[PDB]
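Quick look at data-v3.pdb (PDB, C-alpha atoms and all ligand atoms):
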ATOM      1  CA  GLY A   1     108.639-232.326  50.717  1.00  0.00           C
ATOM      2  CA  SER A   2     105.921-229.780  51.453  1.00  0.00           C
ATOM      3  CA  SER A   3     104.855-227.618  48.511  1.00  0.00           C
ATOM      4  CA  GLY A   4     103.671-224.016  48.500  1.00  0.00           C
ATOM      5  CA  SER A   5     100.879-224.918  46.091  1.00  0.00           C
ATOM      6  CA  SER A   6      97.840-222.630  46.105  1.00  0.00           C
ATOM      7  CA  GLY A   7      94.643-222.080  44.142  1.00  0.00           C
ATOM      8  CA  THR A   8      94.039-219.305  41.623  1.00  0.00           C
ATOM      9  CA  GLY A   9      94.375-216.291  43.898  1.00  0.00           C
ATOM     10  CA  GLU A  10      95.814-215.337  47.279  1.00  0.00           C
ATOM     11  CA  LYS A  11      94.411-214.702  50.758  1.00  0.00           C
ATOM     12  CA  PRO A  12      94.938-211.308  52.448  1.00  0.00           C
ATOM     13  CA  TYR A  13      95.711-213.018  55.756  1.00  0.00           C
ATOM     14  CA  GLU A  14      98.721-215.335  55.960  1.00  0.00           C
ATOM     15  CA  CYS A  15     100.898-216.649  58.790  1.00  0.00           C
ATOM     16  CA  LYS A  16     104.698-216.692  58.928  1.00  0.00           C
ATOM     17  CA  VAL A  17     105.501-219.366  61.513  1.00  0.00           C
ATOM     18  CA  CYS A  18     103.154-222.014  60.123  1.00  0.00           C
ATOM     19  CA  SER A  19     102.652-220.271  56.779  1.00  0.00           C
ATOM     20  CA  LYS A  20      98.893-220.853  56.762  1.00  0.00           C
ATOM     21  CA  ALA A  21      96.308-218.658  55.038  1.00  0.00           C
ATOM     22  CA  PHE A  22      93.016-217.621  56.639  1.00  0.00           C
ATOM     23  CA  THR A  23      89.786-216.233  55.187  1.00  0.00           C
ATOM     24  CA  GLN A  24      89.400-213.680  57.981  1.00  0.00           C
ATOM     25  CA  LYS A  25      91.620-211.899  60.503  1.00  0.00           C
ATOM     26  CA  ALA A  26      89.698-213.099  63.557  1.00  0.00           C
ATOM     27  CA  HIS A  27      90.778-216.635  62.663  1.00  0.00           C
ATOM     28  CA  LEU A  28      94.441-215.780  62.096  1.00  0.00           C
ATOM     29  CA  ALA A  29      94.773-213.438  65.074  1.00  0.00           C
ATOM     30  CA  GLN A  30      93.235-216.127  67.281  1.00  0.00           C
ATOM     31  CA  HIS A  31      95.366-218.865  65.723  1.00  0.00           C
ATOM     32  CA  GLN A  32      98.587-217.074  66.669  1.00  0.00           C
ATOM     33  CA  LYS A  33      97.668-217.687  70.309  1.00  0.00           C
ATOM     34  CA  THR A  34      98.458-221.351  69.659  1.00  0.00           C
ATOM     35  CA  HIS A  35     101.941-220.604  68.327  1.00  0.00           C
ATOM     36  CA  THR A  36     102.711-219.004  71.691  1.00  0.00           C
ATOM     37  CA  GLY A  37     106.076-218.024  70.247  1.00  0.00           C
ATOM     38  CA  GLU A  38     107.989-214.773  69.816  1.00  0.00           C
ATOM     39  CA  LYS A  39     109.940-214.572  66.557  1.00  0.00           C
ATOM     40  CA  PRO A  40     111.279-211.689  64.425  1.00  0.00           C
ATOM     41  CA  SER A  41     110.006-210.598  61.010  1.00  0.00           C
ATOM     42  CA  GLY A  42     111.014-213.062  58.311  1.00  0.00           C
ATOM     43  CA  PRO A  43     111.891-212.201  54.694  1.00  0.00           C
ATOM     44  CA  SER A  44     109.463-211.163  51.956  1.00  0.00           C
ATOM     45  CA  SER A  45     108.137-208.397  54.206  1.00  0.00           C
ATOM     46  CA  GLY A  46     106.222-206.902  51.294  1.00  0.00           C
TER      47      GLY A  46
HETATM   48 ZN    ZN M   1     100.495-219.775  62.279  1.00  0.00          ZN
END

Can you turn what I pasted into structure tokens?
Amino acid sequence: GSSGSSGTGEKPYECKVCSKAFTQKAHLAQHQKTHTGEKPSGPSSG
């Protein structure tokens, strides 16, 4: 089963649907386009 393993530290940009982390916003923002899905705000809002 998938594991939420990560390296020492945490990225400022992270997805919710796929749960992927990006180095920059441009990448994430653009990535979303792929998802092409409309979902609510999950837990751990922070
Ligand atoms: Zn995503």

**OP:** Could you state which residues are captured by the PyMOL selection byres (((not hetatm)) within 10 of (chain M and resi 1)) in this file, as a count of residues only?
**Re:** 19

Original post:
What does the distance between CA of residue 40 (chain A) and CA of residue 6 (chain A) come to in Å, to one decimal place?
Top reply: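 Separation of CA of residue 40 (chain A) and CA of residue 6 (chain A): 25.2 Å.
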
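Relative to CA of residue 1 (chain A), CA of residue 25 (chain A) is found at 28.3 Å.
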
**OP:** Could you check how far CA of residue 7 (chain A) sits from CA of residue 23 (chain A), in Å to one decimal?
**Re:** 13.4 Å
